[PDB]
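Here's a solo chain for you in structure tokens, the form deposited in one PDB entry.
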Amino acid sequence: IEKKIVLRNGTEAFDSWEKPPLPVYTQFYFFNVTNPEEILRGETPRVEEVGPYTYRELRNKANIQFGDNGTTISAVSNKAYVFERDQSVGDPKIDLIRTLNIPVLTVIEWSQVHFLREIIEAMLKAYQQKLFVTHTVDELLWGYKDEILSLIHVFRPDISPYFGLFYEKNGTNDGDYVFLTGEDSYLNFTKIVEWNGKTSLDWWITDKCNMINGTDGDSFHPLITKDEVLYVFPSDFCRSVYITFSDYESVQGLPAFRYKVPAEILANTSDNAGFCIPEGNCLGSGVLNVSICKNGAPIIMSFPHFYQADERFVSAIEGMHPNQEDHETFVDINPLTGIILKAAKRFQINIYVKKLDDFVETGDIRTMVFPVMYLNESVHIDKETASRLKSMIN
């Protein structure tokens, strides 16, 4: 029996959950646009893969408060990124990525949804914008001041003049959670019961699709069996997900089940129709429109290089060469303790883009899902802690 794996003030299980000992790394990879002018004339985009840009994470739980006497527990998962230059392809403060002007594509999308339409329209007309821009890798990630957002900010202070894929994400959390500790049952360990005071979502169609299943992803319940499916709620993905057993792996001396993201997760099916707002009309297998949760921006999540996706997505963008080894999402879990040993959490960020007659900025651009950047959030257990665990286990 292993009731040692429960969150209670005293056990190492708690301390490690509170303050993760193992280092997590995120590597960013960007797609540099080689033929912007030609794309605007309706030609096939060709892109060039650039990276990695490696960041070591700092994690911990804060505002910790036990609930219902040892069964629930509220906390916030802070997270920050420390750049590692010698692990990266170059200096992100100097290196330039040319890609889509996301700020203007966003406000356009807002204008189209009759949000600040005039104000947005007048400014674009006043100050001509380029659809493709060039900025530093650091600017794209952690943010930079944009003309049009600054002009809007003058009138609407609620709207930020800065934009960045990870703007204001360094040293912050993704909201108030209340986790379920193993006290009641070891099965429902580090399981999620609420987020921002809410036990479900509300932006997806079906009650089913709005459910919050599983753990935050950083750990699992002990005594896993190959036959069972494992649910996760990655907040940044804007929906729950499951992973299924792939095969047997060894990480140091420790046994590990390899759980991967199956292709059912983003497949164009009636099951997943409830993710395709408004009227269940999906773009095709292997992508996810997350405009709603990303503040009306035309953001489409997918896997790297449209792996596990419809082929015409891959065909649309020259330079998209997907393969399983490099681009799949996997996680090697010690079946016994439900602890992660090795994992590559991988996914892409794309932008939906189409020609618009009212907006000359769009030129004659093709209708497509435009890949901007993907990443690999990884972890790997070292000898010391491994054999410590391996001896601790027995």
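Shifts are known only where both forms have a C-alpha. Rigid core (definition): largest C-alpha set, two forms, superposition within 1.5 Å. Numbers follow the displayed sequence, beginning with 1.
Looking at mean Cα B-factors across 178 to 186 and 230 to 238, the upper value is held by 178 to 186. Of the two segments, 66 to 74 and 361 to 369, the one listed with the higher mean B-factor is 66 to 74 (C-alpha atoms only). Among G164, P304, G286, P278, the highest C-alpha B-factor recorded in the PDB entry belongs to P278. In this entry, the residue among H153, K145, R98, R312 with the greatest C-alpha B factor is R312. When the modelled residues of the chain are ordered by C-alpha B-factor, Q308 sits in the middle third. For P36, the recorded CA B-factor ranks within the lowest third of the chain. Only modelled residues enter the ranking. Annotation for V24: CA B-factor lies in the middle third of the chain's modelled residues. Sort the modelled residues of the chain by CA B factor and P322 lands in the lowest third.
When the CA B factors of the chain's modelled residues are split into thirds, the value for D138 lands in the lowest one.
What follows is about the form deposited in another entry, which we do not show.
Comparing C-alpha positions between this form and the one not shown after a rigid core fit, one residue in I120, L149, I300, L201 moves 2 angstroms or more. It is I120.
Note on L356 and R117: their C-alpha atoms are nearer in the other entry, a change of at least 3 Å from this conformation. Annotation for the pair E118/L356: C-alpha atoms approach each other in the other entry, by 3 Å or more compared with this form.
Legend: core-fitted overlay between this form and the one not shown; highlighted in sequence order are 112 to 128, 391 to 393, the runs of at least 3 consecutive residues with CA shifts of 2 angstroms or more.
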